[PDB]
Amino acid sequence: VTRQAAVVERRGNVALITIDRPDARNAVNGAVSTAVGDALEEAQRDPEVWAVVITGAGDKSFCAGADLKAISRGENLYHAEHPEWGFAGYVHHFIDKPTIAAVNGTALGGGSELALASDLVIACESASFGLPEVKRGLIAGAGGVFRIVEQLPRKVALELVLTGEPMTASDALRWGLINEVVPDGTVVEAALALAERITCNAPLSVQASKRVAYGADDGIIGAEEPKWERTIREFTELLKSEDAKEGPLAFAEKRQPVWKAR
C-alpha cells in the first residue's frame, strides 16, 4: 500500500520514530530499514535532537521481526546505502543521542533485538520479549545472542536463548532488562516522559556519558565488532543446513518441524 513504512516526528528535543506497518505486525522490510536508518542518522546530525524514541504502530506488536514475505521475495531487508547498520538500519548503528524503545506490544526475535540495541526500554503490560529463532532453525543474528547475555544474568539469558521461550514484561522489569512497565496504550507518553528526564540534562554530558558507558570510539564499539563477526560467521554456516530450510517451512504449514541435525 501507498503509505510510509516508518514515520518520524519531533516533540521538543525528541525524535519519535514509529514503525508503521501494523497489518504486518510492524515487521521490518527494506522500506523500514531505509526510513529508520535515515531517521537515526538525521537524529545524530541534528544538534537540536537530544533523544530518540522508537515505537511500533497500534497495540498488538512492537516489531514482529524480519518480514517473512520480503525474505521470500528475496528483497533486501537492510538500508540500501548502509547494510553495515544491520537489521532495521538500527542494531549496528551507534549514535550519540540516547535511544528509548517504547515497546507497545509483542517484541519477539528482531523486535527484542531492537530493544537490546536501545539504551533504555519501556514496555506495556502485555509486551513480551524472546529470541525464538532456535525453534525456527536459525539464530538471533541481529545482535540478540551476544547482547542478551550482557543484559540479563548469564544463566537466565542462556535459558532464554537455548529454549527460545518468551519472557514477560514483568519478568524483564524484575531482572533489570527493561526500565518500566506501563498500561497498554500509554507507552509513547511514558517514553517521552523518560526522555524529558534526560533532555533536561546537559546534552554534551549525556552524549559523552553514553560513549564512555558503551566504550564507543568514532561511532564504533570496538569490543562488539568481534561478536558481530562471530555471529555473521555462525549464521552463514547455519544457512547451508537442511534444518535451516526445514524450520521456516514447518512454521509455514503449522506442522511441527523435523530436525535432522544437518
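Numbers follow the displayed sequence, beginning with 1.
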**Prompt:** Which wins on mean Cα temperature factor, 97-105 or 134-142?
**Reply:** 134-142
**Message:** Quick check: 2-10 versus 251-259, which has the larger average CA B-factor in the record?
**Reply:** 251-259
**Request:** Among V32, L68, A213, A51, single out the one with the highest C-alpha B factor in the record, please.
**Result:** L68
**Fill in**
Based on the PDB entry, the highest CA temperature factor among the options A80, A157, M167, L192 is that of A80
**Complete:** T199: CA temperature factor from the record, placed by chain third, in the middle
**Prompt:** Lowest, middle or highest third: where is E180 by C-alpha B factor in its chain?
**Reply:** lowest
**Message:** Is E113 in the lowest, middle or highest third of its chain when residues are ranked by C-alpha B-factor?
**Reply:** lowest
**Message:** Please place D119 in the lowest, middle or highest third of its chain according to the CA B-factor in the PDB entry.
**Reply:** lowest
**Request:** Please rank the C-alpha B-factors of the chain's modelled residues and tell me whether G89 sits in the lowest, middle or highest third.
**Result:** lowest
